[PDB]
């Protein structure tokens, strides 16, 4: 049992029929990074509300470079109010503002950030965990990184393989793909990237998990 076998089996379930191409809505945009941070320790449904708040308040509009600067310079207590629904809202506002200000400071623009960010840089941002860091890397920056989480741990454990450590679990999941790269890609069309494959693969596990299915 490896992650390629799991991908094929999950894929044949058609779990993403209703999803966008990268699973995460508004993938590859600033909003994906905001979601990746806001989703920590909460339900994604709640994250969607925070983003709705941000949009309804015209804090987030159509230009991501403007959006980045808006979040970096927004009054703490206003942002904190906005992201109430996803909980831990004072911590997350501070986290987002510091992150956004540090992106500007180190990378000048969100565009350049998407190109130059590393996991270690993200991990040096106070409050950003591996999962969030990785979700930013994959779902906001199109990097070849597969997010893992509690879902993936529990999903694998049920299939008979237990990997508690975040990095080893992720390596287990990435390596089965890497090892069968051409055959994994061939499941699609040779249309999509490996980053998108990971984006979708993690999506499948999440969806599989919410739907309460058996492999």
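Positions refer to the first chain, counted from 1.
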query: 132 to 140 versus 78 to 86 - greater average Cα B-factor per the deposited record; finding: 78 to 86
query: Given 150 to 158 and 22 to 30, the range whose Cα B-factors average higher in the PDB entry; finding: 150 to 158
query: Selection by C-alpha B-factor (highest) of 169, 60, 47, 37; finding: 60
query: Record-listed C-alpha B factor of residue 69: chain third; finding: lowest
query: Chain third (lowest, middle, highest) by recorded CA B-factor, residue given as residue 197; finding: lowest
